[PDB]
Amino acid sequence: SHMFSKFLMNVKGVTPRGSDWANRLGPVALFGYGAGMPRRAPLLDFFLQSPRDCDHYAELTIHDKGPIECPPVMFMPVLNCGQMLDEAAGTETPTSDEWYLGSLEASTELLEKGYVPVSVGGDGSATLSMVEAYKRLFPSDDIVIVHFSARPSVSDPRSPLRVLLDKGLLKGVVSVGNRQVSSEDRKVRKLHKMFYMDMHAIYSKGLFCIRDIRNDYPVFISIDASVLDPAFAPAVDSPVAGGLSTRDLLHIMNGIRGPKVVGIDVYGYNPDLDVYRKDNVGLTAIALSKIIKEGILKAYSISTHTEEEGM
(Lines of atoms letter the chains of each structure in order from A and count residues from 1; the text may use other names and numbers.)
(Lines give C-alpha, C1' and ligand atoms only; values in the text may rest on other atoms or scores of the structure.)
Protein backbone atom coordinates (compact mmCIF):
# COMPACT_ATOMS: atom_id res chain seq x y z
CA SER A 1 0.00 0.00 0.00
CA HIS A 2 1.11 3.56 -0.76
CA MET A 3 -0.11 4.58 2.70
CA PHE A 4 2.92 2.85 4.22
CA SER A 5 5.41 4.03 1.59
CA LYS A 6 7.04 6.89 3.52
CA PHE A 7 7.15 4.70 6.64
CA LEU A 8 8.60 1.55 5.06
CA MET A 9 11.10 3.63 3.07
CA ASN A 10 12.51 4.76 6.42
CA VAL A 11 12.41 1.32 8.05
CA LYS A 12 14.71 -0.45 5.59
CA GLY A 13 16.89 2.65 5.60
CA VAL A 14 17.76 2.01 9.24
CA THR A 15 21.39 1.30 10.09
CA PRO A 16 21.51 -2.31 11.43
CA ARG A 17 22.39 -3.50 14.94
CA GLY A 18 25.91 -2.42 15.86
CA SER A 19 28.69 -4.92 16.52
CA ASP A 20 28.88 -3.63 20.10
CA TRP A 21 25.44 -5.09 20.84
CA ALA A 22 26.75 -8.67 20.34
CA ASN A 23 25.32 -10.87 23.09
CA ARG A 24 23.22 -8.30 24.95
CA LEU A 25 19.45 -8.23 24.48
CA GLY A 26 17.97 -5.49 22.32
CA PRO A 27 17.83 -2.94 21.00
CA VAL A 28 14.14 -2.04 20.64
CA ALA A 29 12.36 -0.69 17.56
CA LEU A 30 8.99 1.05 17.91
CA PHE A 31 6.26 1.78 15.36
CA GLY A 32 2.57 2.69 15.31
CA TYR A 33 0.00 0.14 14.16
CA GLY A 34 -3.58 1.06 13.30
CA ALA A 35 -5.53 -1.80 11.74
CA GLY A 36 -9.20 -1.98 12.72
CA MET A 37 -8.93 1.34 14.54
CA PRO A 38 -9.82 4.95 13.56
CA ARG A 39 -7.35 6.91 11.42
CA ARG A 40 -6.43 9.17 14.34
CA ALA A 41 -4.03 7.13 16.49
CA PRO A 42 -2.70 9.22 19.40
CA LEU A 43 -1.29 6.38 21.53
CA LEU A 44 2.16 6.40 19.89
CA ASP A 45 2.62 10.17 20.16
CA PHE A 46 1.26 10.17 23.71
CA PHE A 47 3.88 7.58 24.66
CA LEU A 48 6.71 9.59 23.12
CA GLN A 49 5.83 12.58 25.31
CA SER A 50 5.53 10.43 28.44
CA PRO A 51 8.23 10.36 31.18
CA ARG A 52 11.25 8.18 30.38
CA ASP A 53 11.86 6.68 33.83
CA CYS A 54 10.53 3.15 34.38
CA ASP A 55 9.27 1.34 37.48
CA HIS A 56 12.56 -0.49 37.73
CA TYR A 57 15.39 2.01 38.13
CA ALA A 58 16.29 2.44 34.46
CA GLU A 59 15.70 5.03 31.73
CA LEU A 60 14.36 4.96 28.17
CA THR A 61 16.12 6.97 25.47
CA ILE A 62 14.31 7.63 22.20
CA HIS A 63 15.95 8.30 18.83
CA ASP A 64 14.05 9.06 15.61
CA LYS A 65 17.06 8.04 13.52
CA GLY A 66 20.18 6.03 14.34
CA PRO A 67 22.78 4.83 14.66
CA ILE A 68 21.66 3.27 17.95
CA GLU A 69 24.78 3.47 20.11
CA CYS A 70 25.09 0.85 22.85
CA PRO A 71 25.27 2.27 26.41
CA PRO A 72 27.78 1.07 29.06
CA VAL A 73 24.52 2.76 32.86
CA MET A 74 20.77 2.09 32.94
CA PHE A 75 20.06 3.53 29.48
CA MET A 76 17.66 1.72 27.16
CA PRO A 77 17.68 3.05 23.56
CA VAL A 78 14.46 2.99 21.53
CA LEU A 79 14.23 3.50 17.77
CA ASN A 80 11.09 5.45 16.89
CA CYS A 81 10.06 4.44 13.37
CA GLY A 82 6.95 6.61 13.61
CA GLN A 83 3.45 5.86 12.34
CA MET A 84 3.04 3.08 9.77
CA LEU A 85 0.10 4.85 8.14
CA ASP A 86 1.32 8.16 6.74
CA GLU A 87 -1.17 10.88 7.68
CA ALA A 88 -2.35 13.10 4.81
CA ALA A 89 -1.18 10.53 2.25
CA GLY A 90 -4.72 10.11 0.97
CA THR A 91 -8.26 9.54 2.23
CA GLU A 92 -7.91 5.81 1.58
CA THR A 93 -8.10 3.17 4.30
CA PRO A 94 -5.68 0.20 4.17
CA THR A 95 -7.22 -3.28 3.99
CA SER A 96 -6.70 -6.17 6.41
CA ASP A 97 -4.11 -7.75 4.11
CA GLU A 98 -2.54 -4.38 3.32
CA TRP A 99 -1.99 -3.95 7.06
CA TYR A 100 -0.75 -7.54 7.18
CA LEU A 101 1.85 -7.21 4.42
CA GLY A 102 2.92 -3.79 5.70
CA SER A 103 3.39 -5.14 9.22
CA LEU A 104 4.98 -8.35 7.96
CA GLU A 105 7.59 -6.48 5.93
CA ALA A 106 8.37 -3.88 8.60
CA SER A 107 8.74 -6.39 11.43
CA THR A 108 10.78 -8.70 9.20
CA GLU A 109 13.30 -5.99 8.38
CA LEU A 110 13.58 -4.73 11.96
CA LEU A 111 14.08 -8.28 13.26
CA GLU A 112 16.93 -9.23 10.93
CA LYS A 113 18.48 -5.84 11.62
CA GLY A 114 18.80 -6.87 15.26
CA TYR A 115 15.92 -4.81 16.65
CA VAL A 116 13.15 -6.12 18.90
CA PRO A 117 9.92 -4.90 17.25
CA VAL A 118 7.22 -3.30 19.39
CA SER A 119 3.88 -2.57 17.74
CA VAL A 120 1.50 -0.03 19.27
CA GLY A 121 -2.18 0.26 18.38
CA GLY A 122 -4.34 -1.75 16.00
CA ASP A 123 -6.74 -4.61 16.70
CA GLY A 124 -4.16 -7.30 17.45
CA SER A 125 -3.60 -8.42 13.87
CA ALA A 126 -0.01 -7.26 14.32
CA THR A 127 0.48 -10.28 16.58
CA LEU A 128 -0.08 -12.59 13.61
CA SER A 129 2.32 -10.88 11.20
CA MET A 130 5.10 -10.27 13.73
CA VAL A 131 5.67 -13.79 15.04
CA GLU A 132 5.33 -14.98 11.45
CA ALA A 133 8.00 -12.48 10.42
CA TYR A 134 10.06 -14.05 13.19
CA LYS A 135 9.31 -17.62 12.13
CA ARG A 136 10.28 -16.99 8.51
CA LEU A 137 13.64 -15.52 9.50
CA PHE A 138 14.25 -17.94 12.38
CA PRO A 139 12.80 -21.29 11.22
CA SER A 140 14.72 -23.18 13.92
CA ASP A 141 13.61 -21.05 16.87
CA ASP A 142 10.36 -22.02 18.61
CA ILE A 143 7.93 -19.34 19.75
CA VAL A 144 5.76 -19.13 22.86
CA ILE A 145 3.20 -16.33 23.15
CA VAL A 146 2.00 -14.72 26.37
CA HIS A 147 -1.46 -13.29 25.72
CA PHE A 148 -3.24 -10.73 27.89
CA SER A 149 -6.95 -10.35 27.13
CA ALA A 150 -10.43 -10.55 28.66
CA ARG A 151 -11.27 -13.19 26.06
CA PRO A 152 -9.23 -16.08 24.55
CA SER A 153 -10.11 -14.77 21.07
CA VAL A 154 -9.39 -18.12 19.40
CA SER A 155 -12.92 -19.30 18.66
CA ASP A 156 -12.80 -17.51 15.30
CA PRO A 157 -10.96 -19.38 12.50
CA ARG A 158 -9.76 -16.01 11.18
CA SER A 159 -8.59 -14.78 14.59
CA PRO A 160 -4.88 -13.78 14.56
CA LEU A 161 -4.03 -16.09 17.47
CA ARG A 162 -5.80 -19.16 16.07
CA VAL A 163 -4.30 -18.68 12.60
CA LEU A 164 -0.89 -19.00 14.27
CA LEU A 165 -2.07 -22.18 15.99
CA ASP A 166 -3.65 -23.59 12.84
CA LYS A 167 -0.46 -23.01 10.85
CA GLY A 168 1.46 -24.31 13.86
CA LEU A 169 4.22 -21.75 14.37
CA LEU A 170 3.59 -21.72 18.11
CA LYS A 171 5.15 -24.12 20.61
CA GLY A 172 2.92 -22.96 23.46
CA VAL A 173 0.40 -20.28 24.40
CA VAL A 174 -0.18 -18.64 27.78
CA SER A 175 -3.49 -16.79 28.10
CA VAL A 176 -3.69 -14.35 31.01
CA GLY A 177 -6.69 -12.49 32.40
CA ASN A 178 -9.53 -14.27 30.61
CA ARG A 179 -13.02 -13.73 32.02
CA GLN A 180 -15.29 -14.33 29.03
CA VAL A 181 -14.73 -17.92 27.92
CA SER A 182 -17.20 -19.36 25.42
CA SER A 183 -18.10 -22.96 24.57
CA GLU A 184 -15.99 -22.83 21.41
CA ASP A 185 -13.19 -21.25 23.43
CA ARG A 186 -12.88 -24.27 25.73
CA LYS A 187 -12.74 -26.60 22.73
CA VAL A 188 -10.01 -24.73 20.85
CA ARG A 189 -8.17 -24.47 24.17
CA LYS A 190 -8.06 -28.21 24.82
CA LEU A 191 -7.02 -29.06 21.25
CA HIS A 192 -3.87 -26.92 21.42
CA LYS A 193 -3.26 -27.41 25.15
CA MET A 194 -3.34 -23.69 25.96
CA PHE A 195 -2.21 -22.68 29.44
CA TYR A 196 -4.61 -20.15 30.93
CA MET A 197 -5.03 -18.06 34.07
CA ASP A 198 -8.55 -16.65 34.31
CA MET A 199 -9.32 -13.59 36.45
CA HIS A 200 -11.11 -15.50 39.20
CA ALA A 201 -8.29 -18.05 39.26
CA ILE A 202 -5.59 -15.37 39.44
CA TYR A 203 -7.42 -13.39 42.11
CA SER A 204 -8.28 -16.37 44.32
CA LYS A 205 -4.76 -17.82 44.26
CA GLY A 206 -3.25 -14.49 45.28
CA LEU A 207 -1.52 -12.09 42.91
CA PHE A 208 1.59 -11.94 45.10
CA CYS A 209 2.18 -15.68 44.71
CA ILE A 210 2.38 -15.20 40.95
CA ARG A 211 6.11 -14.54 40.67
CA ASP A 212 6.95 -15.86 37.20
CA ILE A 213 5.73 -17.94 34.25
CA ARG A 214 9.00 -19.70 33.29
CA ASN A 215 10.04 -20.36 29.69
CA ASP A 216 13.15 -21.38 27.76
CA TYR A 217 11.54 -20.49 24.44
CA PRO A 218 11.59 -16.97 22.90
CA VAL A 219 8.53 -15.04 24.08
CA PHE A 220 6.10 -12.84 22.15
CA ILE A 221 4.03 -10.53 24.33
CA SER A 222 0.54 -9.79 23.00
CA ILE A 223 -1.26 -7.28 25.21
CA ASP A 224 -4.94 -6.56 24.61
CA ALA A 225 -6.09 -3.54 26.62
CA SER A 226 -9.33 -5.41 27.40
CA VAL A 227 -7.44 -7.52 29.95
CA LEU A 228 -7.47 -4.39 32.11
CA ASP A 229 -10.58 -3.47 34.08
CA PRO A 230 -12.74 -0.83 32.31
CA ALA A 231 -11.95 1.53 35.21
CA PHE A 232 -8.33 1.62 34.02
CA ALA A 233 -8.76 0.97 30.30
CA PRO A 234 -12.32 1.81 29.13
CA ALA A 235 -11.21 2.46 25.54
CA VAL A 236 -11.93 -1.08 24.32
CA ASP A 237 -14.66 -2.77 22.29
CA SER A 238 -17.05 -4.78 24.48
CA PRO A 239 -15.64 -3.90 27.92
CA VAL A 240 -15.69 -6.72 30.47
CA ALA A 241 -15.79 -5.67 34.12
CA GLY A 242 -13.72 -7.43 36.77
CA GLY A 243 -10.35 -7.12 35.07
CA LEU A 244 -6.74 -6.44 36.01
CA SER A 245 -5.57 -3.13 37.41
CA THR A 246 -2.67 -1.41 35.66
CA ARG A 247 -0.47 -2.42 38.59
CA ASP A 248 -1.74 -6.00 38.34
CA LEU A 249 -0.70 -6.21 34.69
CA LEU A 250 2.70 -4.70 35.46
CA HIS A 251 3.27 -7.28 38.19
CA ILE A 252 2.43 -10.22 35.93
CA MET A 253 4.45 -8.72 33.07
CA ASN A 254 7.46 -8.60 35.39
CA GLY A 255 7.19 -12.36 35.77
CA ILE A 256 7.57 -13.08 32.06
CA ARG A 257 10.50 -15.46 31.53
CA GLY A 258 12.49 -16.44 28.45
CA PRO A 259 15.73 -16.04 26.46
CA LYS A 260 14.82 -13.08 24.24
CA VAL A 261 11.70 -11.08 23.37
CA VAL A 262 10.68 -11.73 19.77
CA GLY A 263 8.16 -8.87 19.71
CA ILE A 264 5.45 -6.92 21.52
CA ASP A 265 1.90 -6.06 20.44
CA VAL A 266 -0.02 -3.51 22.50
CA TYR A 267 -3.50 -3.11 21.03
CA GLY A 268 -7.25 -2.86 21.60
CA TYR A 269 -7.24 0.89 22.19
CA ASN A 270 -9.87 3.11 20.56
CA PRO A 271 -9.86 6.89 21.26
CA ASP A 272 -13.61 7.04 20.55
CA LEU A 273 -14.31 4.76 23.52
CA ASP A 274 -12.05 6.32 26.16
CA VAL A 275 -12.93 8.07 29.40
CA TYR A 276 -11.45 11.56 29.21
CA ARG A 277 -10.25 14.04 31.81
CA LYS A 278 -11.44 17.64 31.61
CA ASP A 279 -8.23 18.49 29.75
CA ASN A 280 -9.22 15.85 27.19
CA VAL A 281 -6.53 13.32 28.10
CA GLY A 282 -7.70 9.73 27.72
CA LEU A 283 -7.56 7.41 30.72
CA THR A 284 -6.52 4.39 28.64
CA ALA A 285 -3.73 6.30 26.89
CA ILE A 286 -2.30 6.97 30.36
CA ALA A 287 -2.53 3.30 31.36
CA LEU A 288 -1.11 1.82 28.16
CA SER A 289 1.73 4.35 27.99
CA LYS A 290 3.04 2.92 31.26
CA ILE A 291 2.65 -0.66 30.05
CA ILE A 292 4.47 0.02 26.77
CA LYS A 293 7.39 1.47 28.74
CA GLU A 294 7.72 -1.51 31.08
CA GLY A 295 7.40 -3.77 28.05
CA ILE A 296 10.42 -2.20 26.39
CA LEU A 297 12.26 -2.55 29.71
CA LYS A 298 11.26 -6.21 29.72
CA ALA A 299 12.97 -6.77 26.36
CA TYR A 300 16.22 -5.54 27.93
CA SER A 301 16.01 -7.51 31.18
CA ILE A 302 14.39 -10.81 30.18
CA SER A 303 15.83 -14.07 31.56
CA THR A 304 14.96 -17.46 33.07
CA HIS A 305 13.78 -18.04 36.68
CA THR A 306 14.17 -15.55 39.55
CA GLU A 307 17.50 -16.21 41.21
CA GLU A 308 20.25 -15.27 43.65
CA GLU A 309 23.33 -14.49 41.56
CA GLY A 310 26.61 -12.61 41.86
CA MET A 311 28.51 -11.62 44.99
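Residue numbers here begin at 1 and follow the sequence given.
Residues of the deposited sequence left unbuilt between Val73 and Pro72: 1 to 3 residues are missing.
Regarding 111-119 and 135-143, which shows the higher C-alpha temperature factor on average in the entry? Result of the comparison: 135-143.
Out of 271-279 and 258-266, which stretch has the higher average CA B-factor listed in the record? Higher mean C-alpha B-factor in the PDB entry: 258-266.
Just the C-alpha B-factor column, please: which of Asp237, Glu98, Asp229, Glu92 has the biggest number? So the option with the highest C-alpha B-factor is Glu92.
Looking at the entry's B-factor column for C-alpha atoms only, identify whether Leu288 ranks in the lowest, middle or highest third of its chain. Lowest third of the chain for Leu288's C-alpha B-factor.
Lowest, middle or highest third - CA B-factor, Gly102: Middle third by C-alpha B-factor.
Select lowest, middle or highest to describe the third in which the CA B-factor of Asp216 falls within its chain in this entry. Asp216: CA B-factor falls in the highest third of its chain.
Which third of the chain holds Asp224 when residues are ordered by C-alpha B factor: lowest, middle or highest? Lowest third.
Third of the chain's Cα B-factor distribution that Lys65 belongs to, per the entry: Tercile = highest for this residue's CA B-factor.
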